[PDB]
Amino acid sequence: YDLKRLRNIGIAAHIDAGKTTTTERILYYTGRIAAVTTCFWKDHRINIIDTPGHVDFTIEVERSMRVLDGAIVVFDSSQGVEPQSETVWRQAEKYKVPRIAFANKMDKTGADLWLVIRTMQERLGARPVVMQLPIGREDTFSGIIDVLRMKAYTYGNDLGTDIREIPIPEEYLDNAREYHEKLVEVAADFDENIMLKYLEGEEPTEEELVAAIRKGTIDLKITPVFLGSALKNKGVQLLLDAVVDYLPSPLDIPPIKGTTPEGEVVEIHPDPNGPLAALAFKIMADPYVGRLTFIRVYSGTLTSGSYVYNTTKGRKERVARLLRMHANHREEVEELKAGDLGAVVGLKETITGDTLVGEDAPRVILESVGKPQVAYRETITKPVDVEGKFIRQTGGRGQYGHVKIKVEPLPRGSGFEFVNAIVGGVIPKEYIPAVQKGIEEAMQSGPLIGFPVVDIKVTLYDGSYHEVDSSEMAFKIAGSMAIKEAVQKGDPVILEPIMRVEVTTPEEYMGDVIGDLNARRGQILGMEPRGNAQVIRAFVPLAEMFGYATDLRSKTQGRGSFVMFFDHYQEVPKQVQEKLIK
């Protein structure tokens, strides 16, 4: 265990760009010596954190980004930068996570390195550095030129069983020659001594270059780009050498922030010999060990067969075993130091997102079929004074329940309030519970659209009863009926949820999106930057947002993105109410 030799990476890519094939291929070359698979490359341990299938599911994505250190963005070189690529690309920036790119499918028809380099700076605002040059196109792609070391590689087949270093062929000797010089320029921007050498026509050393490019890559200023064909086993190991050469180690990135029990909010460093701070990010019920809980250790060591405190749930837990998932097998270990990750068997209360610390350690908390229908709520507007009355011969015996209540509207969000104002026993004390229950039962489904009635204040103040005919049932119905008429005669109004949205669209559609929203009864609050895109935010009724995704696309070329969360309830406009009633 060396902290510098760890590489926690994620593989982000638009659907079909080749995340699976790339990942699988990596496990194959890494192997011929799962939330978090592990493997080795040149004495480095690479932990491949699995990333969310659809980048749209925000919650998971930001968690993933948070647990991984570096990332590999995979592109389909016949398509260039795609929509999901942008989404996941803004996300990475949002979390300052170093990247490198892989131009996959260089064997496919239409595959072109330059389409990717261009689209990258065009759409994403990136400053790509060409690190390799292909040798051949589509069906003839067969080699790779390493522009930084001036080396060429040829693959004798699509099986990955033949690779030879060759001299840079003559037809590419000039092309490679200038990109090397361009490479040296970029490096010079991060290493003063390289510039001096550049100015006086002196070739810097690979170490200098690699170091410089690495520094740039980690600082989030450049983006090394590599290419190959996963499906045809071309470039895979060079891509692995890249992850070691440029992606960061737990040490190269900014410390994670923790909010303690007082809010002093302090940073926690990857010290193996310091308090134990860890986070569970994915739970999976394994069939051989039952319930696996994956975690990322930020600080201190976690040992097998020990106790840990789950600072989020207050609970306490026993760490039975510590497992490591490899390509084709499991491995059991006595520990997991800081900056490392693995599975933990034993936890019972810990769920996705919870923080775990050592027993005697700083209690810090690292984180905080039908058709889809809206959650409506009914309520009233003016105070009312009605009466419930159930009187009739049902079941041989008479029935008689009579209640008089005063219902009055309460401040939005005040809830419910019941008052017993009866006196002189006009209603037998034994029936009050019946009356109350009839009321809370009828509030479950309002008379306007059948949704829970809310923010009202009921007050039982009168009624009558029969010596023999009264009964609990009678007073339950009468209380029920009373409330129903209370809501009908109280100038009722439907309330609806108002979400606060967040739409990120390149300023090219600016006025288009902020125009469609208003068509959904929204209300623009403000705007701001976020790279090449603009972040629009407003209050849109949840009813108007159904299917917004397959709408924002056909109005942003799929380059649009949004997230929304409940904000408050508000009375629907008279027009909209009238409609709903139908």
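Note that residue numbering follows the sequence shown and begins at 1.
Coordinates are absent for 10 or more residues of the deposited sequence placed between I33 and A34. A chain break between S368 and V369 is present, corresponding to 10 or more residues of the deposited sequence without coordinates. For the pair 259-267 and 122-130, the mean B factor over Cα atoms is greater in 259-267. Taking only CA atoms, the mean B-factor in the PDB entry is higher for 511-519 than for the other of 42-50 and 511-519. Which of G353, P372, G438, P492 has the largest Cα B-factor in the deposited entry comes down to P372. If you compare the C-alpha temperature factors of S445, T217, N104, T459 in the entry, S445 comes out highest. Per-chain ranking of the deposited C-alpha B factor places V563 in the highest third. The PDB entry assigns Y246 a C-alpha temperature factor belonging to the lowest third of its chain's modelled residues. Sort the chain's modelled residues by C-alpha temperature factor and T311 lands in the highest third, per the entry. In the PDB entry, a CA B factor belonging to the lowest third of its chain's modelled residues is recorded for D174. The PDB entry assigns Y288 a C-alpha temperature factor belonging to the highest third of its chain's modelled residues.
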